[PDB]
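There is one chain below, alone, in structure tokens, taken in the form deposited in one PDB entry.
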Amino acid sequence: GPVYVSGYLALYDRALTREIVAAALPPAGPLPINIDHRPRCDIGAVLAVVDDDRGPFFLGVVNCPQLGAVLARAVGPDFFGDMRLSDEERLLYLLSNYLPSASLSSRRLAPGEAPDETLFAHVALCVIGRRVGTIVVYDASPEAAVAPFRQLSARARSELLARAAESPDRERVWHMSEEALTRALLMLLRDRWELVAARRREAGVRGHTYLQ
């Protein structure tokens, strides 16, 4: 089944000003979600983007049956210990630990060219490494995936769930070959995890299950 992802794509007062985001929303078509900007590597879709006071904020669906297996193999045999967990839960831990950030693709415009509905192309989910994007949260339902962002306005929150519940992409399934996903997902960890823990706290996002 599907799992869900959310985050601020950018923060107005930290590339993206209020004016630009206004000109870009809502997008001219739905935005795919992919791994590290690789096409032929779509795993989901942005169900909605709102223009919250702090920044543009998305809610997305991930739903690629092959993904959990390939992730589980990356991480290798010993990762979960004694823990008794469903496939859904395993994947959420794996997403939370190996794809903890995202990266909006915006079209570079020529000078002279005014931002519009086609500006935003897609949201890459970013594999942990040299460079970490904007922090995201994963969970089993849309409400749970948005819940840790306590600063999200109520206006933007309902609007985002309302929009998301009528996305034509809510029920899709994205199939990926194992070979495709395997290329996508290949000390440097320990360091990057401190950064990610840091950016999580900076963003107000705290948990015990998938977040810390």
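Residues carry their position along the shown sequence, with the first being 1. Each form is matched to the other, and the largest set of C-alpha atoms that superpose within 1.5 Å is called the rigid core.
Not on display, but discussed next: the form deposited in another entry.
After superposition on the rigid core, the single residue among 119, 94, 132, 104 whose C-alpha moves by 2 Å or more between the shown form and the other one is 132.
If you compare C-alpha positions, residue 135 and residue 129 are 3 angstroms or more closer together in that other deposited form than in the form on display.
Pairwise change in that other deposited form: residue 62 and residue 132 C-alpha atoms lie farther apart than in the shown form, at least 3 Å.
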